[PDB]
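Some notes on the structure that comes next.
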Protein chains: 10
Amino acid sequence: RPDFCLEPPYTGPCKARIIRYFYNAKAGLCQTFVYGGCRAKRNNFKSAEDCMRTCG
Amino acid sequence: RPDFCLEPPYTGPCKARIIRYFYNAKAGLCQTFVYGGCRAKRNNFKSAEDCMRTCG
Amino acid sequence: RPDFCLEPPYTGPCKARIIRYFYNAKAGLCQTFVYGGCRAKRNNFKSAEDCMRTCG
Amino acid sequence: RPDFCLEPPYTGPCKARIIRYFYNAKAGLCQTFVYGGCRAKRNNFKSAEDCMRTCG
Amino acid sequence: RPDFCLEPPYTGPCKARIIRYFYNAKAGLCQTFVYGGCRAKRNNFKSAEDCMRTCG
Amino acid sequence: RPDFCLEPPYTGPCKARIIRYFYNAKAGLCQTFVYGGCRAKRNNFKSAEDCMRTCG
Amino acid sequence: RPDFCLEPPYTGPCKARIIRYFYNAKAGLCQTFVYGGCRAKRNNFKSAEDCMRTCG
Amino acid sequence: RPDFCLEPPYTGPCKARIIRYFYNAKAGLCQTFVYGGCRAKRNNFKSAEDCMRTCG
Amino acid sequence: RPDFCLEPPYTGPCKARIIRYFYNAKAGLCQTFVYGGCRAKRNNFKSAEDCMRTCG
Amino acid sequence: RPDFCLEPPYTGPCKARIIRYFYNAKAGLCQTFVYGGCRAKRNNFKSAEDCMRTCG
């Protein structure tokens with residue numbers, strides 16, 4: 001499992017309010033958080049599928 | 001019909017304005033509510049189809 | 001966890017070749033399968049999010 | 001509810017494999033069916049929410 | 001065309017600003033409006049094809 | 001309305017099967033047809049909204 | 001091309017902020033503008049494809 | 001406009017039948033074609049806005 | 001690669017909050033940025049694939 | 001850069017023609033391949049954005 005999947009989700013400094021998915025290491029599944037629209041870190045997925053499959 | 005299908009919709013603490021679907025037991029079908037983007041409860045569906053079939 | 005999440009995925013008799021998601025009880029996560037487009041059973045989700053959240 | 005809501009789903013002659021939604025009076029909910037692309041009848045919805053709200 | 005197709009469009013008390021279609025009986029065509037995310041009335045269509053097929 | 005709104009729908013030579021909208025001068029509204037993927041003619045719209053707005 | 005392809009883009013009175021396309025008669029192509037959600041005018045397309053096809 | 005915008009559209013050896021846009025240098029506008037799913041050449045756009053902004 | 005690929009992202013003046021993609025020469029890949037809705041500059045892509053293929 | 005980012009794309013045994021993204025290490029960016037719809041390996045991304053960030 002990529003180390004980056006253990007990083008807290010990261011909204012960044014931008015205005016948008018968009019759903020993205022991140023791996024919650026502790027709950028052990030992908031959840032939703034709000035993403036500003038810029039300067040994404042790696043635990044950030046457009047698609048929940050991609051999320052589970054990358055950090056499952 | 002899972003228990004969670006009877007809990008009221010939960011916006012959550014986040015500040016997004018994301019349309020979602022919850023099963024309305026009183027009414028007997030899925031309806032739209034506004035989801036804040038994080039900390040979702042289980043009566044929350046990105047897809048209306050998924051909502052009617054899971055809670056139908 | 002809804003009992004229906006333990007049912008094998010079910011393509012049905014229709015022509016379409018569409019991705020949908022089902023809960024693989026054994027692997028313990030949601031995966032892709034092909035859905036014919038009609039006569040869905042309950043372990044079938046338009047959205048991977050909805051899938052995890054309903055059968056996680 | 002409207003009366004076209006009582007018609008059976010019509011795939012029509014054309015060759016596309018597009019998921020659409022029809023009200024199924026019997027089961028009392030909107031379901032998926034394959035629409036062929038041309039010559040649709042009235043019990044036929046692009047959006048499941050439209051179907052639940054119109055024929056629900 | 002069903003009676004509700006004559007109801008004026010209804011935004012609702014919710015906080016989203018999402019595009020929906022309504023049948024405008026005067027002009028005799030479907031048009032856009034802003035729906036606020038919840039408590040939609042029946043003359044409210046996510047898809048335009050559904051609006052004109054159901055009300056036009 | 002533009003004179004192109006009257007010409008029949010042109011599926012074209014290509015092999016794809018994509019739902020597109022066209023103005024049905026006779027029936028007075030926009031209906032679906034199957035576009036092939038190339039050599040489109042002008043009575044051909046990706047969006048049903050656009051079709052009614054332009055040819056309605 | 002239709003005479004409506006020349007009129008300026010009409011954002012309108014409504015509160016939404018939706019990206020739409022319009023024909024820029026001057027620059028000779030379709031550009032983006034922000035539509036408000038209601039009282040659209042005809043130089044307004046949901047699909048960029050439609051815009052170039054109609055006004056190009 | 002970059003040179004590749006002049007390359008004719010390329011379907012590829014793959015088996016899908018997906019709509020894409022290419023700049024057609026003769027006509028001087030972007031148009032549709034069928035891409036087969038793999039080994040796209042650069043004059044191949046998922047979005048039309050991107051095609052005309054990049055090649056038009 | 002084209003030279004507009006070297007420009008910095010431009011949000012422009014308008015108020016929408018739409019994720020778009022720009023090539024970031026420094027990091028050597030396309031990234032997200034917020035586009036405002038009007039007056040886009042050329043290093044601006046609706047689709048990430050378009051961005052990677054055009055400026056990759 | 002996870003190991004899986006270097007495995008070749010895998011269509012799988014299913015018969016869908018679903019566009020997806022894999023990271024091409026040889027080329028140094030994500031490209032499209034055709035995914036059969038089941039039994040996906042990890043170098044499979046519904047979203048190009050997710051692909052470039054996970055394997056970039």
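Our numbering is plain: 1 for the first residue shown, then up by one each step along the chain.
Quick reminder: no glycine exception, Cβ is built from N, Cα and C everywhere.
Features of the protein shown, as given by Swiss-Prot:
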- E:5-55: domain 'BPTI/Kunitz inhibitor' (DOMAIN)
- E:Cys5-E:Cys55: disulfide bond (DISULFID)
- E:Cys14-E:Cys38: disulfide bond (DISULFID)
- E:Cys30-E:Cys51: disulfide bond (DISULFID)
Per the 10 Å Cα distance test against E:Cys55 (disulfide bond), the disulfide-bonded residues E:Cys14, E:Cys30, E:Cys38 reduce to E:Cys30
Within 10 Å of E:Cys51 (disulfide bond) (Cα basis), scanning disulfide-bonded residues E:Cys5, E:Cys14, E:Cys38, I find E:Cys5
Length of the line joining the Cα atoms of E:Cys30 (disulfide bond) and E:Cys38 (disulfide bond), in Å: 20
Using DSSP reduced to three states, classify E:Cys5 (disulfide bond) as helix, strand or coil. helix
Determine the most Cβ-crowded residue among the disulfide-bonded residues E:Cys5, E:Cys14, E:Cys38, E:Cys55, using a 10 Å radius around each Cβ and all protein chains in the structure. E:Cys55
Integer Cα-Cα distance in angstrom, E:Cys5 (disulfide bond) to E:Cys38 (disulfide bond): 19
Please classify the secondary structure at E:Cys30 (disulfide bond) using three-state DSSP. strand
